[PDB]
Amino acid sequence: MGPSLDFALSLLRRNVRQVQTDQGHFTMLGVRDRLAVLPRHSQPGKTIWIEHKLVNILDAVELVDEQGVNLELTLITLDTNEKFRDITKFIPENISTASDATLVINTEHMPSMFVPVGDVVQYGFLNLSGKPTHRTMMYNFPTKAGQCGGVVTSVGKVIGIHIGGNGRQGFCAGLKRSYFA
């Protein structure tokens, strides 16, 4: 097996989970220790369903920038014995572009799904169903409902979390390492 396929499969196995909030089905990225990230609009409560069991959420942090604008990410600390394989070193220090990215989705409805979204470019501002949102990137792929939380990936790097689309193109919140420090 090749190194690209090995990386995404290993991510799927060790770090990318099927979850459900009151808002419905999402892919969750497990970053390190008890720390995971979801799209903000998933609105995780005091518990979240994670693959086959209800998990207590110990804390939730909605990320905003300096201007107070939505970044569309929520950091959650889970009450579990597992520590996620630590993938922070695959997350760039700054929000970074990629060629030929792959979007890795893992939901009950869309399990272990690989979507070849193409190149990922800087986008910046996005209007997200009324909510202004900063620090996003774009791929010209017609992403759909159900794929939020999907992990944008390329050459052993974890660069974004899928957050929306307009029927023609798709948008991720960009990842930087310092959100997980």
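The first residue of the sequence shown is number 1, and the count goes up from there.
*Given the B-factors recorded for C-alpha atoms, which segment has the greater mean, 105-113 or 90-98?*
Per the PDB entry, the higher value belongs to 90-98.
*Which is higher on average in the deposited entry, the C-alpha temperature factors of 48-56 or of 145-153?*
If you average the C-alpha B-factors of 48-56 and of 145-153, the larger mean comes out for 48-56.
*Which has the highest CA B-factor per the PDB entry: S42, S129, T136, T27?*
It is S129.
*Divide the modelled residues of the chain into thirds by Cα B-factor and specify which third, lowest, middle or highest, holds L11.*
It belongs to the highest third of the chain when residues are ordered by C-alpha B-factor.
*Comparing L63 with the other modelled residues of its chain, is its CA B-factor in the lowest, middle or highest third?*
Middle third.
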